[PDB]
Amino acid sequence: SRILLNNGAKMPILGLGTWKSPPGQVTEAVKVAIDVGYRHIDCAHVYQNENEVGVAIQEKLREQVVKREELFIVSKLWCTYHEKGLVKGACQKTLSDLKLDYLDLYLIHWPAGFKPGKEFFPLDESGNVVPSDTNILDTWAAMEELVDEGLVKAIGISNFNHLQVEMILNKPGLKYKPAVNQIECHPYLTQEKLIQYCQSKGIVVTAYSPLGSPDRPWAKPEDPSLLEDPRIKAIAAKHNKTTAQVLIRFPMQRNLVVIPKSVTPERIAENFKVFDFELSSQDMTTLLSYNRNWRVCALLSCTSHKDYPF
């Protein structure tokens, strides 16, 4: 089902993630997702696969499998486009690739701006990211323009910490509040403080990496594994569900949106089968208890940026 955003639109609480979905597999992944019921796709220019996502979206619209109004397509402004005069063209490139004339939601992908150019991570000779002097507030004003030009129906933020959310909410002359803050969230990083702050302000939180991103490129064999945690397996077994299904249902019952990624057709379908069972309150609190402040999405080359959020 769907959650009401502070722009008046409804957002499906379950979406399909596309980071790391290979370009030769993601068109079929998104076709399968729409065929089995998904109506929300999470995209980003930096994922380098929006053309191939778009081929799937467009084919399903052409085939009349779904209407555009029924889809909720999200993408994100990359860090090298935080500049007033680059935001619109970045949005338009994403629209072109996705074969759309609007996005349902467009996010500032990270609070940090980087030097524009070809490189997504421009580095100095010593390996530090090179910042942009543009502030989160001027980037937000540029996002607000996209609403007013009809390119996007909603704007939001991603990886913004408490203080950064507050900065936006306190922006002089704020025209549109952020509708969403998309952040990493799973039983090893439960985010209770940031979620309660955002929800108290009427901002909907989307949980990314809800399975722990086991395919993240910097994974190590020794790292914690949610999918293999026997405690979570035990809750799944009790409910006759998979561990992944429990990990997807968990954020749903916290009033979060969740965006698990898969390119495996059988898992795409399995991951959607989460509307026919309920975790108990005790199950929810037990899952919350596994927090270890273990963050899979972080990056050393960006840790000296003034706006690095963590």
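One rule holds for the numbers: they count along the sequence shown, beginning at 1.
The question of which stretch, 193 to 201 or 180 to 188, has the higher mean Cα B factor is settled in favour of 193 to 201.
The PDB entry reports B-factors from which the mean C-alpha value can be compared for 233 to 241 and 116 to 124; the larger average falls on 233 to 241. Remark: of 280, 271, 48, 27, 271 shows the highest value [criterion: C-alpha B-factor in the PDB entry]. Sorting 35, 63, 52, 42 by the CA temperature factor given in the entry leaves 63 at the top. In the deposited entry, the Cα temperature factor of residue 31 sits in the bottom third of values across the chain's modelled residues. Sort the modelled residues of the chain by CA B factor and residue 72 lands in the lowest third. Ranked within its chain, residue 210 lands in the lowest third, by CA B factor from the PDB record.
Split the chain's modelled residues into thirds by C-alpha temperature factor. Residue 294 is in the highest one.
Per the deposited record, the Cα B-factor of residue 220 falls in the highest third when ranked against the other modelled residues of its chain.
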